[PDB]
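Enquirer: Chains as they are written, first to last, in PDB author numbering: chain C, 180 to 238; chain C', 180 to 238. A prime marks a further copy of an entry chain.
Positions of the beta carbon are idealized from the N, C-alpha and C atoms, including for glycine.
Protein chains: 2
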Amino acid sequence: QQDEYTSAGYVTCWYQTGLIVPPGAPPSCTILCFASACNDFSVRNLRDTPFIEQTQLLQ
Amino acid sequence: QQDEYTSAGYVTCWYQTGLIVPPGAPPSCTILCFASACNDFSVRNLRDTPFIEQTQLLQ
């Protein structure tokens, strides 16, 4: 839960030359992003995930 | 001269994905078949060829 302190820098992508697509191909293209930690990654504490919840004993 | 006995199996070719040809190229294409025996081929007897014939002494 990063605060202004212990935060991380912005990441951005900008055109350098401009995509050059020939007449026979569609001009638009789609780029996708894959994110995985490098080998040197570590965790330090353990806590409840604030993503899943429940209300009653589900039956 | 294969009979039902000592006959050989059928050979067939089917589309797996479908030819994908881009706008700049012609959609139709032509495939050709080359047939040659592998190294292990053998013949056993000798006989007249039933493909060529004659009528008289050609002069």
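In whole angstroms, give me the CA-to-CA distance for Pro201/C' and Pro205/C.
Expert: Within the second sequence, the letter at position 22 stands for residue 201/C'. Within the first sequence, the letter at position 26 stands for residue 205/C. Cα-Cα distance, rounded: 10 Å.
Enquirer: To the nearest angstrom, how far is the alpha carbon of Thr209/C' from that of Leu198/C'?
Expert: Within the second sequence, the letter at position 30 stands for residue 209/C'. Within the second sequence, the letter at position 19 stands for residue 198/C'. Inter-residue distance for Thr209/C' and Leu198/C' is about 12 Å (C-alpha atoms, whole angstroms).
Enquirer: Which residues of chain C' have a Cβ atom closer than 8 Å to the Cβ of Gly197/C, listed in chain order?
Expert: Numbered from 1 along the first sequence, position 18 holds the residue referred to as residue 197/C. Here the premise fails: no neighbours, minimum Cβ distance about 22 Å.
Enquirer: Check the Cβ-Cβ distances between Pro205/C' and every residue of chain C, and say whether any is below 8 Å.
Expert: Locating residue 205/C' in the second sequence gives position 26, where the first residue counts as 1. Taking Cβ atoms only, chain C never reaches closer than 8 Å to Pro205/C', which makes this a no.
Enquirer: Name the chain C residues whose beta carbon is nearer than 8 Å to that of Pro201/C'?
Expert: If you number the second sequence from 1, residue 201/C' lands on position 22. Going along chain C in sequence order, the residues near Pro201/C' (Cβ under 8 Å) are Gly203, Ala204.
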